[PDB]
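Next up: just one chain, as structure tokens, the form deposited in one PDB entry.
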């Protein structure tokens, strides 16, 4: 249901790719037409599996084709697409970097300030006002970028606060509407840790310098997740749904199942 709301699809091509049918460049389509049409005999059922096959890698090295750039620029990030394996910081960082291509007013948090309570004591911190004004460095594709952003997104691990282990939660700052909101989404329904509260409060004072209505909000009313594996997909789906203008009130009043989030893995990662 709600998976139909957002603008993603199970295709493994990059979201900004208009072709949609084939993810490969038209040159790479030509040079590898022999391998692509016998992909089943290579043990493959996708273009990403073909250009990662060792025989295709050798043929590409012969002809001077950069297959690694094809995977980074025209395909979605690699990750547990068809299994329930836990998301890593690399799966999340490389996914948010790709969404920043399509959503050009979206600020994806860097890799260092991703999953750490130490963000209050890190040497260089993010300034949400400088984010809004376009004066903060973000990394879109593999390139540094400064641009005005009215949305901010980050996924962090709450394992620093005592718990069973890795648990991803999402943080989203919506500066598009007349009332800006700093949002904390926990699929399990647990309140934010103290350090998260201080960070949300600090961002509110900053944003109150350039806007009149700023709310801090803990989206922890419903325990959506009953599995032990989908907190990663839950956190990424919240950011994507908010980017596609699904209100946070939907995550407050209506439950989102682990089945829907397991299917969301096919929207996140390529077949690799």
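Only residues modelled in both forms are compared. By rigid core we mean the largest C-alpha set that fits within 1.5 Å across both forms. Positions refer to the first chain, counted from 1.
- Across the two stretches, 8-16 and 256-264, the PDB entry reports the greater mean Cα temperature factor for 8-16.
- Taking the PDB entry as given, 22-30 carries the higher mean Cα B factor of the two stretches 22-30 and 44-52.
- The maximum CA B-factor among the listed residues 174, 136, 178, 141, taken from the PDB record, is found at 141.
- Of the residues listed, 127, 94, 201, 72, the entry assigns the biggest Cα temperature factor to 72.
- For residue 62, the recorded CA B-factor ranks within the highest third of the chain. Only modelled residues enter the ranking.
- Annotation for residue 221: CA B-factor lies in the middle third of the chain's modelled residues.
- Residue 150: CA B factor lies in the lowest third for its chain, per the PDB record.
- In the deposited entry, the Cα temperature factor of residue 170 sits in the bottom third of values across the chain's modelled residues.
- In the deposited entry, the Cα temperature factor of residue 197 places it in the middle third of its chain's modelled residues.
Keep in mind that the form deposited in another entry is not shown, yet the notes after this line are about it.
- Residue showing a CA shift of 2 Å or more between the shown form and the other one (rigid core superposed; candidates 113, 140, 129, 197): 113.
- Annotation for the pair residue 115/residue 236: C-alpha atoms recede from each other in the other form, by 3 Å or more compared with this form.
- In the other form, the separation between the C-alpha atoms of residue 111 and residue 154 shrinks by 3 Å or more relative to the displayed form.
- Core-superposed comparison between the shown form and the other one: one run of at least three consecutive shared residues with Cα shifts of 2 Å or more is located, at 110-124.
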